[PDB]
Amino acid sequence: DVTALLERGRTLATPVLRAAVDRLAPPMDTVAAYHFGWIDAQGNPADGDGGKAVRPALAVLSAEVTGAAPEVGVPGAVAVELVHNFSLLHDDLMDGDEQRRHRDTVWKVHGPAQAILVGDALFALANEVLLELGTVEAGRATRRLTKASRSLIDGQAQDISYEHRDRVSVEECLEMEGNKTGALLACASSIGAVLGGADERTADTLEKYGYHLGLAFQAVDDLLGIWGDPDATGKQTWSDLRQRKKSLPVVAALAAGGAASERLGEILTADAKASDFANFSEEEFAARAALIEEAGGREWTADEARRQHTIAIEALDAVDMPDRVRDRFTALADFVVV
């Protein structure tokens, strides 16, 4: 039933989102289609697009908490996906990332201007998709979307603010990751319910579930970014270390102290100015991973994942909810860890 829910969310939300995207004024409809993988760089149809469906599955589930049909949360799932993709379009341009899922980013193919524009258009469309309903529930749901969107912007500001720092604290990484990943999962977890009429207290609680689920998810993402096998990830070995990310394992290792921690600090500071960084081998990236593990970085991040999972699942206990729905929310939380 685990992959049944992810299927359920994808099949409900994708056609509604695709139809809303095709309605954008030219060239924004085609440029967005490229972003979403429906067409290629010269505008001919393509596939290899469908990523993960955690957020949509969550939003349709969120509606069932009040007893409403899954479809009631579909506007919520569409809006969340739209804001998500607005964030990607702009973040990729800001970060200078030429690639995402082994495909050229919109800014590389269609120019920076069109990446900014379509990004803006998706963010405005998300608010439209909710407010179109004209109801009080829809206004409150947009309020939740806005909080999450302001948060993602904050997380990106934090990212930019730390990009030249030789070290970032654990606390700084946590609040950044909460903004980046947690806030939108919190919104996805509570938006369907808000659309189904739930009061301000029921919703916040579901937000607390989603936020802490988000942190558990990002902690696991950080573990897989370094130690993940190419046959499961699709990415290169030690992919996050090739991009010099300061993920939780990296940061936790730096904050530790001791010979492993101290030496990793010297190396990562040296790596930032390193003229031959582009020549680095797998083994050199392995050495840095091995040092993060010795400093207790990996272990600390697995324990954080486990802790956050628990805080999430223990927040579900606090909300009055049909027990079939609670079971479904519980199973997504376990899927999030691997």
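Position 1 is the first residue in the sequence shown; the rest follow in order.
Higher mean CA B-factor, judged across 291 to 299 and 65 to 73 from the recorded values: 65 to 73. Relative to one another, 135 to 143 and 228 to 236 have unequal mean CA B-factors, and 228 to 236 is the one with the higher figure. Ranking 222, 199, 172, 154 by Cα temperature factor from the entry places 199 first. Ranked by C-alpha B-factor against the other modelled residues of its chain, residue 95 falls in the middle third. The PDB entry assigns residue 304 a C-alpha temperature factor belonging to the middle third of its chain's modelled residues. Ranked against the other modelled residues of its chain, the C-alpha B-factor of residue 81 as given in the entry falls in the lowest third.
In the deposited entry, the Cα temperature factor of residue 54 places it in the highest third of its chain's modelled residues.
Per the PDB record, residue ranking by Cα B-factor puts residue 256 in the middle third of the chain.
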